[PDB]
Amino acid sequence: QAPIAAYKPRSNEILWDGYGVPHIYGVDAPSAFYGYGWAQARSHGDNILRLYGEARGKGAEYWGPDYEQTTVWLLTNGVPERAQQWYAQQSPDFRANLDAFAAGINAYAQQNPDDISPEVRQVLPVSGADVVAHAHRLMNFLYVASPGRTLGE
């Protein structure tokens, strides 16, 4: 008993169903990640960009007081910088996928500038490192170590 045949894309395309679910077909990994980034930007671009902004430690700079506590938390914990460090330690192939994903987000914003919330445009363009930064913040400084448990709030 063997799995059915794996499909083999001949062109890069996203097939969306009636619920807004993206089916990303790429001729290679980078293409798939690029499409995934594009799709995500189109479906949740505003919040993704804002989140990437926070992961840079620039939440306070971009949006003010309500984002300052997180900025102090990420800066004091060296998150933005470690993100750069982790980004540099990625394997070549995976860095390409991360870069393609980031390029996907930028391309979408580039092609549809009117769909990007105004207060979030200042974050563009995002980079592979921003992608790593957000994942690092989510995993280690939101799930594992929360500001509440340290600050005792």
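Numbering starts at 1 and follows the sequence shown.
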Handout entry: Mean Cα B-factor comparison, 84-92 or 59-67, giving the higher one as deposited
Key = 84-92
Completion exercise
Assert higher mean C-alpha B factor (21-29 or 126-134, deposited values) equals 21-29
Fill in the blank from the handout: Max C-alpha B-factor within the set 97, 106, 47, 112 falls on 112
Problem - Per the PDB entry, maximal CA B factor within 39, 102, 51, 116 - result: 116
